[PDB]
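Okay, structure first, notes after.
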Amino acid sequence: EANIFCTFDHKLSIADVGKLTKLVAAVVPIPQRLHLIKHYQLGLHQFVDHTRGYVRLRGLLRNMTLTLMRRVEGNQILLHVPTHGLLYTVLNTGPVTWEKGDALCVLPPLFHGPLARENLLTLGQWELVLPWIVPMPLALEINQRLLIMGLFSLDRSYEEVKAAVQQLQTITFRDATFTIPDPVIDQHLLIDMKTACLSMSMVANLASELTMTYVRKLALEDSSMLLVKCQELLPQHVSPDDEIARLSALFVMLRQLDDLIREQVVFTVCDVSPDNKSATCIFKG
Amino acid sequence: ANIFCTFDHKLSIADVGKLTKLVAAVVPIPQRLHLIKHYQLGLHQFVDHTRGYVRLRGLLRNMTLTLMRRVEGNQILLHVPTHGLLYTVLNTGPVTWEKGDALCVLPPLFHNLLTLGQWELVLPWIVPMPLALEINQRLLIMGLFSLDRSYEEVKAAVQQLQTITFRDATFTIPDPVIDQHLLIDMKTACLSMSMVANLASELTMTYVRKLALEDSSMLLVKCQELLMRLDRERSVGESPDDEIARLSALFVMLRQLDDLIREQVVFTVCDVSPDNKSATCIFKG
Amino acid sequence: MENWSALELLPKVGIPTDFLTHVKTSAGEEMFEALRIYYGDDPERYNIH
Amino acid sequence: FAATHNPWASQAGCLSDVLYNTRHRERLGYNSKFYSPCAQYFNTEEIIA
Amino acid sequence: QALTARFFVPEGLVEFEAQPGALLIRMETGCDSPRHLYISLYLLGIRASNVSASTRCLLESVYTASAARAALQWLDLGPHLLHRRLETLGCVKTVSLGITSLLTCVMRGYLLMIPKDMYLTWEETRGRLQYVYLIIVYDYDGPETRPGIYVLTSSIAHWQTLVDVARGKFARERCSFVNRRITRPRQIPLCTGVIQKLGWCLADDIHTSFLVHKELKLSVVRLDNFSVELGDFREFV
Amino acid sequence: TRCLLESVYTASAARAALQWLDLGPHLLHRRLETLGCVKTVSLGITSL
Amino acid sequence: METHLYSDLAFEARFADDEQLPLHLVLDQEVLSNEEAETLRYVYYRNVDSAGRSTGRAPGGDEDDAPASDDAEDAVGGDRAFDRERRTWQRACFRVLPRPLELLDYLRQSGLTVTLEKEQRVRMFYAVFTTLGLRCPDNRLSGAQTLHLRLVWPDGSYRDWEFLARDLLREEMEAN
Amino acid sequence: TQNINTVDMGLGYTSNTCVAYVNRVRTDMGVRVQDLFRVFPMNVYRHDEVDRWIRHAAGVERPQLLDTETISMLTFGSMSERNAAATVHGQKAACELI
Amino acid sequence: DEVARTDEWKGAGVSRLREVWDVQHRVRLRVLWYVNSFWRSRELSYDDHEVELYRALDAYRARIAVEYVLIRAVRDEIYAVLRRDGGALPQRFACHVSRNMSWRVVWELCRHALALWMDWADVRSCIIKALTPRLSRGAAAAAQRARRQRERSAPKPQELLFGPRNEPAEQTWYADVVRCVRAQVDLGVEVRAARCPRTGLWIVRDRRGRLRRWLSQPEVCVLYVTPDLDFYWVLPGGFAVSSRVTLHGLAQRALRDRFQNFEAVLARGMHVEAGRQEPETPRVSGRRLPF
């Protein structure tokens, strides 16, 4: 049920065993949620295939159950999925800087700036690549930017989309550096674009007769920096209970438009050591 | 998860006798530091003139909402709740409670003799979820009807909507705009509302074209038909960088709304004591 | 990297150690060749292969 | 607190860069046995390093 | 660990509800006297859309009372707004009989009889673990209103991919939704559908069996070793 | 292999010898002279 | 069926900017083979005017009628003429039905109330569905215009079919 | 939990087994043919009605689609054809070539 | 009641099924005509002039005539280069040749091969597939950069040692193969040529280094074009005719509208970056349910 095991295959050199026990209380995903498994199901090396899709990769990563590594005693490793609400601990692998209070979420590993690219393990062919634990702003912005790469990709040639992704593939987070590896369009990206397009058009339809000119009257009467910076990108009936129902429909359309870039809260820190290596996150996985 | 709180200010026996009736109330704190001064306790360190309600509600969703358990000589023992455990919460809000109501926590809008010397003792409202969504809805409408209050029927419309209603509960929700000047959090919220409405209405006409060169669903052609009726009502109403900036502006004004959109439930009530001053509840999260 | 568990479990020599700067300042600026800063309480020394 | 005190000398690819940065000086060819006391203020190939 | 409350059910709503595999659902009513009724999920099937003809006629005989009459009146008070009044309360641990009966309802921990028209899946039920959801849809192929309620049993734990494949299976409902918006420029149709989970169960604990009340039988699918978890009312288009 | 081993001898002396090899009016057999095999290295800056 | 009405409503939509009228069409196995249909990606259309060049160029003339000068640096005079040829083509909608089917019966399985004057039983093996948009800048349509199909494979090759606009609208234009 | 380790002290092969005596045959050793329509449920003919004629001429009922990546990660396998009501011979398999 | 426009469009139905052809009488195609389309409610006319049809067929004559006037200018250049050298053509191709053989027959066979090649000209030929890489997007910039890179100064030792390092003995041509005796003109083929460094001549090969062996046979002749507008007419015996293909008699826009090289547009299953290995095709086929 909860305490599961992973039977290995090879002889175990002391260097790989040292690398394994230095990865205690770190995140690993599992496909099937069984009692005992083989080593092929651990990590993301089975799931990764190049020139297949980052969006498909995060789609299959979004369904997996996470686990934390502890008490390796040779030829197997006691994994333990965390229960909901109980405070567990996480040793991070990716070089993403954390801060106390910030909720954390899972992501696929993306290409680093200096590209350290430590495989964490050297076996026959199954290496151990790991999903990253990334906070809410960086994860939300990278999902947003991949969907904008989607909505900008269509009806275009290679040249303008290349000159735009030369800016758009670079994403910093608190003076770090990152780049998105393989933004290739999938059928699922067309699915997400179709849902977002229906959502934004449904938002556009039921707009009222004062919401559509509120920025216009606001830029008329007053003046501020965000006013002109949002203006650069551009009664008769008063029955406000109809506006209550209208904004209720607008609110379910807004949460449906928001929940195509949202990935749910996998963790939230409570205490992080000031070397940014181990933290105590109060959530399941 | 026991948290000690102290007071550098002196507490006479009248002060603690005023305090001891609040034996288990929902109090927020920023983080789970062990022994914390009372200046970090309470919502007083956020509420000022130029910050307003919506900024405070955005500051509510990242704080932790702990429960008082006991009172000592000069320390207060807070018990931070966890998922699965049930607690007897005393009601602090004005609204009555019923069985099975999913509850939420809100900033106190207008409302009993609880103070401290130059430190406002302040606890958040506990409320049923329908009044929570209704009050965010009504307050967003009252923010939308702020700048246009030169007439009378807009003022009479606000006068109609300033009185909220519920089961035996009518309140005058306070006007966020004062002397025809709104608070900046609600102003930016309704600005983002009008901005996502205008950007939807000005970009879905290109994006249904950009998507529909692919497979054409009957949903998509009826969406385009709805856009034709909307463009008809608009016409009776009368470079990659621009669409890149348009999409990024669309999604940042989407991103800055989920604290007003997502209303995460905190408590789920169980069997209630009569006089409706307290109730047992499962804490969710 | 060395066996820091061998540094932890084996007996040592008690020395009145002192140097000129703070300990964490000499650690974060790498006054020495190779360092190892566990910050809480690691269970790794109680595992022996 | 001025950004520059010699615009012929403090910009990349200037006169004294191509006369005194050793990386630019290799592209022109020079007696490497000669010592130049200005180059220690212009060897940004390893001032960065 | 089975966190449990108890509620009052009148003499006209014990029907099809004395068995443990039942669900009390608080429905907010507009009339001032009850303000809510603790109706049955099998009472939601009497105004469902996946029902057959003979499944409707047997249900209208067993729920023949003025309380159920007023409950269906308050159902037809506001259409397409049921989840603005619907509220599930886990399931039923133990039924104690009586006129104003008080029955204990499990909400969390460990302690489900479902009619066959409301249970469906897009799977060969091959998942080891399965998750059950309350999926209602609002439909406008009918000229006024069609609420269609189902329980759902899928191996996808994650919410976003599940509602993605659900709207890929119920896209015709969204076609009818935009068709209702274009055919009525005054009505405000709120949501396409509602997703709310009901915990997880096991694959080998799913059967089909025989539920009889008042000599009235029903073929009933059952999730025997049940478990409850309430990720509450989300809405999808 | 040539593109590989040109990516390792990128100091001044190697390419200086490469320029010296193909400059005179002679071939390599009156330009080179064989000694044998190296077994040790001191490896300072000027090695031995 | 579900692809023609989109560009019908879309050419009704953008009638303010460009003065375009639709032409829905289906194509059989006589046009192209099935392996040319199962992988085909997109279709392009061009309206080449009667005594002129196209409708994507400037109204009166352009600078790209010069001799080619027999060189490489000005083999096209620069990539701006390449951008002009990218501009003169527009993209149409696309649908592929890779099953043999009866067209009147396929529209009858949909809600299309087809009323034919004769039971012309057309039986091909697959149905591509697209809409050429031919235009007239003035509201009067010249019957000497030329429409240009363009069908491109993912490999990149193409077979430009093209036809004048007189046998197209010799009957239905007169049937208005 | 008893961790039990073993060391084979033989240089080469030191343990010789042998299949000695058979007692029963769990498979039927029948000739009932393995249906390829079950193991390839995607393959439909081009024209519809000749396909319906072929499916009627065989015993397979319907073409069924195949599972996507996320559910195949969530499931372990297909396991399509269920147990028949008559089992008096054991499990069966017989495929062939041409 | 408010009936939607798509309901009336679906309940409309097509009026009639028309079917038309092309100019060359090669492809028929079937055209519907819906009744509730907005094409009826536009109130447009139809002025079918006769001289407009005359000028339209003139423009169509020009559009077909692009590559064929290019081929006839090619043939004029063959005869012009054969005259201006007096008929004493040089050898530019590496082939072992004899002397004790009458070359009276091979000249007549080369003339017959020229006539039979001109009998079977086609849009799939040498000069068009040589011009299509030139007609690309960045071919002009790559050509002028190759012009600037082929013309450099003397390598100074300063930039030889410490500067950045420096960076094509194989060319991808195009060929038309005429088989004179069996009368099978092979239209368009790829070939890969090199300088055989024992001498200063060319050697042609296939994609696997097959060393194309037609040039030994007296029954065939070949035409070679390169992406730098070079022209090599080859009869057996390795003797060649070298010239430049002309383009002064052709409009620029004729070359653009006829055989412009295409640059890709983005679609499903295609990488946002370019120059990568692609996934599988869409391939919506009649073998699978559409999933």
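Among A:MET253, A:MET212, which is within 8 Å of chain B (Cβ to nearest Cβ) and either part of a helix (DSSP H, G or I) or under 30 Å from B:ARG209 (Cα atoms) (or both)?
Of A:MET253, A:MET212, the one residue that is within 8 Å of chain B (Cβ to nearest Cβ) and either part of a helix (DSSP H, G or I) or under 30 Å from B:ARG209 (Cα atoms) (or both) is A:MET212.
Could you list all residues from segment G:7-18 that are crowded, with 21+ Cβ neighbours inside 10 Å, facing chain I (nearest Cβ under 10 Å) and either part of a loop (DSSP other than H, G, I, E, B) or touching a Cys at 6+ places or on another chain (Cβ under 9 Å) (or both)?
Of everything in segment G:7-18, nothing turns out to be crowded, with 21+ Cβ neighbours inside 10 Å, facing chain I (nearest Cβ under 10 Å) and either part of a loop (DSSP other than H, G, I, E, B) or touching a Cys at 6+ places or on another chain (Cβ under 9 Å) (or both).
Can I:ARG63 be described as under 29 Å from the mean Cα position of the chain (by Cα) and either of a type in the set (D, E, K, R) or over 30 Å from G:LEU5 (Cα atoms) (or both)?
Criteria met by I:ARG63.
Can you tell me which residues in segment E:82-110 are of a type in the set (A, V, I, L, M, F, W, C) and either in contact with a helix residue (DSSP H, G or I) (Cβ under 8 Å, 6 or more places away or on another chain) or surrounded by 18 or more Cβ atoms within 10 Å (Cβ to Cβ) (or both)? Give the steps one after another, and end with the answer.
First pass over segment E:82-110, keeping only residues of a type in the set (A, V, I, L, M, F, W, C): E:82, E:86, E:89, E:91-92, E:95, E:97, E:99, E:102-103, E:105-107.
Correct list: E:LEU82, E:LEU86, E:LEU89, E:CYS91, E:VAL92, E:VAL95, E:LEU103, E:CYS105, E:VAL106, E:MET107.
Would you tally the residues in segment A:263-285 being acidic (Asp, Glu), in a loop (DSSP other than H, G, I, E, B) and more than 10 Å from chain E (Cβ to nearest Cβ)?
Residues flagged as acidic (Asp, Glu), in a loop (DSSP other than H, G, I, E, B) and more than 10 Å from chain E (Cβ to nearest Cβ) within segment A:263-285 amount to 1.
If you take the residues of segment I:239-268 that are within 7 Å of another protein chain (Cβ to nearest Cβ) and closer than 30 Å to A:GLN187 by Cα, which of them is nearest to the chain's Cα centre (by Cα)?
I:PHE262
Go through segment E:16-48 and report how many residues are of a type in the set (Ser, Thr, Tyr) and more than 12 Å from the chain's Cα centre (by Cα). Explain how you work it out, then say what you get.
At the first step, the residues of segment E:16-48 found to be of a type in the set (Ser, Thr, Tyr) are E:29, E:33, E:38, E:40, E:42.
Remaining after also requiring more than 12 Å from the chain's Cα centre (by Cα): E:29, E:33, E:38.
Residues flagged as of a type in the set (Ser, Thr, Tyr) and more than 12 Å from the chain's Cα centre (by Cα) within segment E:16-48 amount to 3.
Can B:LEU219 be described as outside any loop (DSSP other than H, G, I, E, B), within 9 Å of another protein chain (Cβ to nearest Cβ) and farther than 30 Å from B:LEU106 by Cβ?
For B:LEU219, the condition - outside any loop (DSSP other than H, G, I, E, B), within 9 Å of another protein chain (Cβ to nearest Cβ) and farther than 30 Å from B:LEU106 by Cβ - is met.
B:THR66 fails exactly one of the following numbered conditions: (1) β-branched (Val, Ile, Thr); (2) farther than 30 Å from A:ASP102 by Cβ; (3) touching a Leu at 6+ places or on another chain (Cβ under 9 Å). What is the number of that condition?
(2)
Could you check how many residues of segment G:55-75 are within 8 Å of chain I (Cβ to nearest Cβ), assigned to a loop (DSSP other than H, G, I, E, B) and touching a strand residue (DSSP E or B) at 6+ places or on another chain (Cβ under 9 Å)? Even if it seems obvious, please write down each step before you answer.
We begin by selecting, within segment G:55-75, every residue within 8 Å of chain I (Cβ to nearest Cβ); these are G:62, G:64-70, G:72-75.
Checking the rest, the ones that are also assigned to a loop (DSSP other than H, G, I, E, B) come to G:62, G:64-66, G:68-70, G:72-75.
Those still in the list that are touching a strand residue (DSSP E or B) at 6+ places or on another chain (Cβ under 9 Å) too: G:64-66, G:68, G:70.
Within segment G:55-75, residues that are within 8 Å of chain I (Cβ to nearest Cβ), assigned to a loop (DSSP other than H, G, I, E, B) and touching a strand residue (DSSP E or B) at 6+ places or on another chain (Cβ under 9 Å) number 5.
Look through segment G:48-96, keep the residues that are surrounded by 17 or more Cβ atoms within 10 Å (Cβ to Cβ) and of a type in the set (A, V, I, L, M), and return whichever of them is nearest to B:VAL221 (Cα to Cα).
G:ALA92
Considering each residue of segment G:76-106, count those that are in a helix (DSSP H, G or I) and within 8 Å of chain I (Cβ to nearest Cβ), and give that number.
Of the residues in that region, 7 qualify.
Grab the strands (runs of 3 or more DSSP E) fully contained in segment E:9-114, keeping just those with 1 or more residues being within 19 Å of E:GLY148 (Cα to Cα).
Filter on segment E:9-114 gives E:24-28, E:36-40.
Of the residues B:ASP175, B:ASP185, which is not in a loop (DSSP other than H, G, I, E, B) and not aliphatic (A, V, I, L, M)?
B:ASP185
With respect to A:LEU120, determine if the residue is over 28 Å from E:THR161 (Cα atoms), touching an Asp or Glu at 6+ places or on another chain (Cβ under 9 Å) and of a type in the set (A, V, I, L, M, F, W, C).
Against the criterion (over 28 Å from E:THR161 (Cα atoms), touching an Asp or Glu at 6+ places or on another chain (Cβ under 9 Å) and of a type in the set (A, V, I, L, M, F, W, C)), A:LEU120 qualifies.
Would you be able to say whether some residue in segment I:35-58 is in contact with an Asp or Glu (Cβ under 9 Å, 6 or more places away or on another chain) and part of a helix (DSSP H, G or I)?
yes
Give I:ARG99, I:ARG92, I:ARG84 a once-over and let me know the one that is loosely packed, with under 15 Cβ neighbours inside 10 Å and either closer than 13 Å to I:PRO236 by Cβ or within 29 Å of the chain's Cα centre (by Cα) (or both).
I:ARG84
Have a look at A:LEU260, A:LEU233 and point out the one that is within 22 Å of B:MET205 (Cα to Cα), hydrophobic (A, V, I, L, M, F, W, C), within 28 Å of the chain's Cα centre (by Cα) and outside any helix (DSSP H, G or I).
A:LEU260
Output the residues belonging to segment F:15-48 that are β-branched (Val, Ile, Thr) and over 27 Å from I:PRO164 (Cα atoms).
First, pick out the residues of segment F:15-48 that are β-branched (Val, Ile, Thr): F:34, F:38, F:40-41, F:45-46.
If the condition is that a residue be β-branched (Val, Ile, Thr) and over 27 Å from I:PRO164 (Cα atoms), then F:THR34, F:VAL38, F:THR40, F:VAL41 are the ones that fit.
Any chance segment E:193-212 includes a residue that's closer than 30 Å to I:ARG5 by Cβ, in contact with a strand residue (DSSP E or B) (Cβ under 6 Å, 6 or more places away or on another chain) and surrounded by 15 or more Cβ atoms within 10 Å (Cβ to Cβ)?
So far as segment E:193-212 goes, yes, one or more of its residues are closer than 30 Å to I:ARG5 by Cβ, in contact with a strand residue (DSSP E or B) (Cβ under 6 Å, 6 or more places away or on another chain) and surrounded by 15 or more Cβ atoms within 10 Å (Cβ to Cβ).
For segment G:25-44, name all the residues that are under 23 Å from I:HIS25 (Cβ atoms), outside any loop (DSSP other than H, G, I, E, B) and at the interface with another protein chain (Cβ under 7 Å from one of its Cβ atoms).
The answer is G:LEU25, G:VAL26, G:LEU27.
Taking segment G:132-171, which residues are closer than 27 Å to G:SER33 by Cβ, surrounded by fewer than 16 Cβ atoms within 10 Å (Cβ to Cβ) and among the basic types (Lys, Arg)?
G:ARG159 - this is the single residue of segment G:132-171 that is closer than 27 Å to G:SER33 by Cβ, surrounded by fewer than 16 Cβ atoms within 10 Å (Cβ to Cβ) and among the basic types (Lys, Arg).
Only residues that are surrounded by fewer than 18 Cβ atoms within 10 Å (Cβ to Cβ), more than 36 Å from the chain's Cα centre (by Cα) and at the interface with another protein chain (Cβ under 7 Å from one of its Cβ atoms): list them for segment I:22-39, please.
Within segment I:22-39, I:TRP33, I:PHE38 meet the criteria.
Show me the strands (runs of 3 or more DSSP E) entirely contained within segment B:45-142 in which 2 or more residues are in contact with a helix residue (DSSP H, G or I) (Cβ under 6 Å, 6 or more places away or on another chain) and crowded, with 16+ Cβ neighbours inside 10 Å. Please lay out each step first, then the result.
Numbers: elements: B:64-71, B:76-79, B:86-90, B:102-106, B:125-128.
Passing ranges, in order: B:102-106.
Tally up the residues in segment A:151-171 that are more than 23 Å from G:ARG86 (Cα to Cα), surrounded by 19 or more Cβ atoms within 10 Å (Cβ to Cβ) and either among the hydrophobic types (A, V, I, L, M, F, W, C) or facing chain I (nearest Cβ under 7 Å) (or both), please.
Selection size over segment A:151-171: 1.
So how many residues does segment B:1-44 have that are of a type in the set (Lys, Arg) and not in a loop (DSSP other than H, G, I, E, B)?
Going through segment B:1-44 one residue at a time, the tally reaches 2.
Hey, among the residues in segment G:130-159 that are of a type in the set (S, T, N, Q) and more than 7 Å from chain I (Cβ to nearest Cβ), which one's nearest to I:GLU280 (Cα to Cα)? Let's see the steps before the verdict.
The first filter runs over segment G:130-159 and keeps only residues of a type in the set (S, T, N, Q), leaving G:130-131, G:139, G:142, G:145-146, G:157.
Filter again for more than 7 Å from chain I (Cβ to nearest Cβ), leaving G:130-131, G:145, G:157.
Working: G:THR130: 24, G:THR131: 27, G:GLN145: 40, G:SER157: 18 Å.
This residue is G:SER157.
So is B:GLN45 out of contact with any strand residue (DSSP E or B) (no Cβ under 7 Å at 6 or more places or on another chain), farther than 24 Å from A:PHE283 by Cβ and polar (S, T, N, Q) or not?
For B:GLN45, the condition - out of contact with any strand residue (DSSP E or B) (no Cβ under 7 Å at 6 or more places or on another chain), farther than 24 Å from A:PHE283 by Cβ and polar (S, T, N, Q) - is met.
Backbone-built Cβ (ideal geometry, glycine too); neighbour counts: all protein chains shown. Coordinate-derived values only; no laboratory data.
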